[PDB]
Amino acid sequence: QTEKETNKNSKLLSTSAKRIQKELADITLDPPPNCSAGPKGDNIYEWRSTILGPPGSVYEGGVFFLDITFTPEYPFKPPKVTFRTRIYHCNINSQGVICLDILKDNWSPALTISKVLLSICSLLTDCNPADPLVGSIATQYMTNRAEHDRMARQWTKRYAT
């Protein structure tokens, strides 16, 4: 009777849309210091964000653009957040993918895009060489911090100004 047989998501769409609209209101009213975000256009699932390099960090003076993409499975799956602007950082690769716990295994539906951006700012201030996406940058941070920071400042001026 298996022999008789030959060989997008309504509910999740409704829940994700409800959450995203709430988060938009929240981040507009109470944005994280140095960061803004909102829809690029008519599609509520695709946002842009601007982050200013944190004061005192090697990224100070930079203006960085991020793409934030929600799936219909939001908030049960994390948003996809990538840097569009090139940045020299051991946790952020050439595709702009960010190694941040809460964007992967440590995501919880209770987290907000405001909390995610705050966390990304914290990562720009204090990188995490224990979990790098760019090995050479992480080893350089550990072994030749002066060169690391010179390069990070140079890339900030070159690509983020």
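In this text, residue numbers run from 1 along the sequence as written.
Between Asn7 and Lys8 - deposited residues without coordinates, as a size class: According to the record, 10 or more deposited residues lack coordinates from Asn7 to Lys8.
Between 102 to 110 and 124 to 132, point out the one with the higher average CA B-factor as the PDB entry records it. The recorded data point to 102 to 110.
Can you tell me which stretch has the higher mean Cα B-factor, 147 to 155 or 12 to 20? The entry gives the higher C-alpha B-factor average to 12 to 20.
Kindly indicate the residue among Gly96, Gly41, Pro31, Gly61 with the greatest C-alpha B-factor in the PDB record. Of the options given, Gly41 has the highest CA B-factor in the PDB entry.
Pick out which of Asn91, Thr71, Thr82, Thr85 has the highest C-alpha B-factor in the PDB entry. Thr71 has the highest C-alpha B-factor of those listed.
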